[PDB]
Amino acid sequence: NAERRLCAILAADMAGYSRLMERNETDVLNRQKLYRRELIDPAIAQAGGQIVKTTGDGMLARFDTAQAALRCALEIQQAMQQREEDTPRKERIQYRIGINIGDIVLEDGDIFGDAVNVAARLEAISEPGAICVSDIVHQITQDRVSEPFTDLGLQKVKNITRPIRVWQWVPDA
Amino acid sequence: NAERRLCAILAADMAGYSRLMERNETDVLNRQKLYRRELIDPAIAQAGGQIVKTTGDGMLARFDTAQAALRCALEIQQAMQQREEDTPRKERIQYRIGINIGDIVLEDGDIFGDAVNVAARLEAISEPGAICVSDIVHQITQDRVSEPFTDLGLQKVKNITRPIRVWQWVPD
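Protein sequence lines, in the order shown, are assigned to chains A and B.
All the letters of the first sequence, read from the start, carry residue numbers -1 to 171 under PDB author numbering.
All the letters of the second sequence, read from the start, carry residue numbers -1 to 170 under PDB author numbering.
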């Protein structure tokens, strides 16, 4: 029924647009529906990945190589910079993205393990429009990608005793 | 016309309900709209705080004392856990709250300065339903507020140079 493998996990969520604005932002919510369909979902497929699920926590996808997770996120984040550049800053749609690696368990279209929790957390602390990757991901990908990353220091993650060293890339702006 | 002063700054946003789900926003907007006016806005007003503004980044409020701000956050977070313990964990509403203190600028219904941005960052990285405060708030409140906090590490805040140490209180 269920297996263990080494996997590249990618978590993503949408930044911004607080529900406390007490307003239905149908225009903005329709744009993101569009990007998911035209930008994200495609880049992920092109890159060999599979979406595992989208939940209240956001979306979770997995890849066979660390490289493919990362080029996929870079592909997404760089296009989003272009796609939203003629929209004013405080109104732009931006995603956050985290990527990690680990032995995790798969079982019935869902994934399990610390390493997944860590991808999710990376997404949450990532800055909007950027990509945060764990140190493991960084040691493997640093030389495969021209884009630069910056050490962010240690990050404690709920129910993981050992904190993780987190590297971040932000777009040229 | 402007004004410079040392303030406690509370940032709060709503966790969860990722829009990558594409669910009907309508229902969740309403529930939060209720909590805002029955639970939140009054707690703040009872504690002597003032709502400064709300935006895409959430709500900012200011208090005259560190303890008032933290008392208010605690009161909100504790209630929200009770008001929501009947509903299923996945369909619950929860806030993240951050609190920082610093020399801000008050001008024309708005609040400006780094201590503000720091408070917004703490809100962002806080656990759903929890409270994150900066070390400064922690050292000023430790001995007047019994609720336990956990040292969460140093935290690089965007465009500020020294990491701030962050303390986190979770509800049980």
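Even for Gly, the Cβ is constructed at its ideal location relative to N, Cα and C.
Spell out whether any CB of chain A is found under 8 Å from the CB atom of residue 171(B).
Absent from the structure is residue 171(B), since the part of chain B shown begins at -1 and ends at 170.
Using only the alpha-carbon positions, how far apart do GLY56(B) and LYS31(A) sit?
22 Å
Proximal residues of chain A, C-beta to C-beta of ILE49(B) below 8 Å:
In chain order: nothing, as chain A lies at least about 11 Å away.
For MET78(A), the three-state DSSP class (helix, strand or coil)
helix
Buried or exposed for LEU68(B), going by 16 or more other Cβ atoms inside 10 Å?
buried
Kindly indicate which three-state DSSP category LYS51(B) falls into: helix, strand or coil?
strand
Tell me the DSSP secondary structure of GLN44(A) in three-state form.
helix
Who pairs with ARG2(A) in a beta bridge, going by DSSP?
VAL103(A)
Listed from N- to C-terminal order along the chain, which residues in the region 92 to 124 of chain B have their beta-carbon within a distance smaller than 7 Å of any beta-carbon of chain A?
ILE123
Going straight from the alpha carbon of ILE158(B) to that of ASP149(A), what length do you get?
15 Å
Using a threshold of 8 Å, state whether the C-beta atoms of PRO169(B) and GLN79(B) are closer than that.
yes
Which residue spans inside the region 80 to 167 of chain B form an unbroken alpha helix (DSSP H) run of at least 4?
112 to 123, 133 to 139
For residue 173(B), which residues from the same chain have a beta carbon less than 8 Å from its beta carbon, with the 5 sequence-adjacent residues on both sides left out?
Past the edges of chain B, shown from -1 to 170, lies residue 173(B), and the structure says nothing about it.
From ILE123(A), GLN137(A), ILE102(A), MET12(A), pick the residue whose C-alpha is nearest to that of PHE61(A); which is it?
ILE102(A)
Flag this pair as yes or no: are the beta carbons of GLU121(B) and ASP11(B) separated by less than 8 Å?
yes
Secondary structure at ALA64(B), three-state DSSP: helix, strand or coil?
helix
Taking a contact to mean a Cβ-Cβ separation below 8 Å, would you say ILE109(B) touches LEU58(B) in this structure?
yes
Closer than 7 Å at the beta carbon, the chain A residues around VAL131(B)
Correct list: empty, because the minimum Cβ distance to chain A is about 16 Å.
Note down the Cα distance separating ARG119(B) from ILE95(A), rounded to an integer number of angstroms.
17 Å
For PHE147(A), which residues from the same chain have a beta carbon less than 8 Å from its beta carbon, with the 5 sequence-adjacent residues on both sides left out?
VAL131, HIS136, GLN140, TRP165, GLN166, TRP167
From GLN75(A) to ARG142(B), what does the alpha carbon distance come to, in whole angstroms?
45 Å
C-beta neighbour in chain A for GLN30(B), strict 8 Å:
yes
With a Cβ-Cβ cutoff of 8 Å, do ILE162(A) and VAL114(A) count as a contact?
no
Sequence-distant residues of its chain with Cβ nearer than 8 Å to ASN(-1)(B) (five each side left out):
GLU105, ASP106
Under DSSP, the alpha helix (DSSP H) around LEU18(A) begins and ends at which residues?
Where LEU18(A) is concerned, there is no enclosing alpha helix (DSSP H), given that its DSSP letter is neither H nor E.
Using a beta-carbon distance below 8 Å, is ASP170(B) in contact with chain A?
no
If you draw a straight line from the alpha carbon of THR63(B) to that of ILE138(A), how long is it in whole angstroms?
48 Å
Using a beta-carbon distance below 8 Å, is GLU23(B) in contact with chain A?
yes
Taking beta-carbon pairs under 9 Å, can you tell me which members of the region 57 to 75 of chain B lie near chain A?
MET57
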